[PDB]
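To begin, one chain is listed below as C-alpha cells, in the form deposited in one PDB entry.
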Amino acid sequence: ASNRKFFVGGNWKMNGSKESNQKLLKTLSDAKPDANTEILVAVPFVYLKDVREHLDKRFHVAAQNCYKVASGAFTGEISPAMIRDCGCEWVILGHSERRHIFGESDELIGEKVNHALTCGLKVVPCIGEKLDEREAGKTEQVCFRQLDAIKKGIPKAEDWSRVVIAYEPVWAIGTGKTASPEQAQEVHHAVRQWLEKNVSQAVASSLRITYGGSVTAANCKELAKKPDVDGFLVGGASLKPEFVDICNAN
C-alpha cells in the first residue's frame, strides 16, 4: 500500500446555468461525507465564486483554466489571483481541449503551472495521446514530452505535493471508449516510473495519477482497483447524479 489518498475530479467543462448548478450542487451536498476521497468540481469562471459559496469546504472548487500572471493586458484571461479572490484554490491546466482545439503549447502550460504554484494554488495538469497518435504507437512519446514540460514548470521540489496529474487519452474523451483497466494501468505505471527516473522516487511514490476518459458509474470500480490509478477526472458524468457513485469507486 502507498500513502496516496483517492482523488475524484468532476470537470463540468462548458455546461451550467444558475438553475442547473443549484440542483447539481444540492445532490453533491446531499451525499454523506467521505473522509477517504478528495472531491473536486471544476466549474465555469462565471459560476466559480457562486459554486464555492454553495458547497461546504469539504469539496475543492477549481477553475477550468487560468493565465500566467496576476494582472495585465490579457483580454478574456483569468489569473490565480482572481481565482483565490473567488474563494478557490484549484485550477485544471493543459486539458486536452486547451492543448488541441485552443492550441496551448506544452511550454505555456509549464508557465501556467509555475505561476499557479507560486501563487499558492493546487494544480491538475492533464496529459495524454490522441487517437491518431495511439494508432501510430506514439502513446509513450506523447506522455513523456508532456510530463517533461510539466516538471520544467514546477517552482520547487516540495510543490509536487500540490499537483495531481490526470492521464486522459483523447480518444476516450466524449467517445464512450473508456480505456480498459489494463490500458490505463499500463500508462499510469509508465508515468509513475517516469517520475521515479526524471523526478524522484519520493515524488513518484506520493503523486496521485488519475485517469480521465469516459468514466462512468459502470466502469469506475474496476479502474480504481488498479494499483497505479489514484482517482479520476470525470467529464460528462460529473453533471449527473451518478457522479456520487463514481466518488465512491474505491
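Only the largest set of C-alpha atoms that superpose within 1.5 Å between the two forms is called the rigid core. For every residue, the number given is its place in the sequence shown, counted from 1.
Here 20 to 28 and 232 to 240 are compared by their mean Cα B-factor, and 20 to 28 comes out higher. If you average the C-alpha B-factors over 177 to 185 and over 39 to 47, the higher value belongs to 177 to 185. Comparing the C-alpha B-factors of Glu133, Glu140, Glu111, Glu104 in the entry, the top value falls on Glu140.
Per the deposited record, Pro169 carries the highest C-alpha B-factor of all listed residues (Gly76, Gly94, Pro80, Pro169). In the deposited entry, the Cα temperature factor of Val124 sits in the bottom third of values across the chain's modelled residues. Sort the modelled residues of the chain by CA B factor and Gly72 lands in the lowest third. Residue-level temperature factors show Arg208 in the lowest third of its chain, judged at the C-alpha atom.
The deposited CA B-factor of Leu55 belongs to the highest third of values across its chain. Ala1: CA B factor lies in the highest third for its chain, per the PDB record.
From this point on, the text means the form deposited in another entry, which you will not see here.
With the core held fixed by superposition, the comparison between the shown form and the other one singles out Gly174 as the only member of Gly174, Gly72, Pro155, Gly103 whose CA moves by at least 2 angstroms.
The Cα position of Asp50 differs by less than 2 Å between the shown form and the other one after fitting on the rigid core. For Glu222, the Cα coordinates differ by under 2 angstroms between the shown form and the other one after the core has been superposed. Superposed on the core, the two forms differ at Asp34: its CA moves 2 Å or more between the shown form and the other one. Compared with the form shown here, the Cα atoms of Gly212 and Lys177 sit 3 Å or more farther apart in that other deposited form. In that other deposited form, the CA atoms of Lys177 and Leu40 move farther apart by at least 3 angstroms compared with the shown structure.
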